[PDB]
Amino acid sequence: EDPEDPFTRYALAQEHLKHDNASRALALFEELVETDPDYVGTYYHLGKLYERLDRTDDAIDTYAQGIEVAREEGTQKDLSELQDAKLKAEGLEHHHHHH
């Protein structure tokens, strides 16, 4: 129940979003990445926040990292959610890749 704890500071990040403090929450999520890179919950909601901030490519990259840490450190459950998460994201906007 201290700001030190991964889930706690993660919860405070959510609290910021509740108050619409997107940038302050973002900083905490990005902090979680440098502190606890195996904390899958970060990657999921961090990507969602990037989507809200129009940072689609950053979101997809965050989900990609999420997929890897999800299967290795987390579980198949989050793996599936993150794979689907970036997939629907890549389907949102037509990023220009000439074929």
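Every number in this text was worked out from the coordinates using simple rules, so none of it is lab data. Because the Cβ atoms are built from the backbone with ideal geometry, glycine has one as well, and the counts that use them run over all protein chains shown.
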TODO: Return the loop-located GluC sites (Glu not before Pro) in the chain (DSSP other than H, G, I, E, B) with at most 13 other Cβ atoms within 10 Å of their own Cβ; answer none if there are none.
DONE: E1, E4, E73, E93
Task: Phi-based couplings in Hz for the range 79-94 (Karplus 6.51, -1.76, 1.60; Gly and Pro marked x) - done: 3, 4, 4, 6, 4, 4, 4, 6, 4, 4, 5, 4, x, 4, 9, 8
- [ ] State to the nearest 20 debye the size of the charge dipole of the chain about its Cα centre, where the only charges are +1 on K and R beta carbons and -1 on D and E beta carbons.
- [x] 440
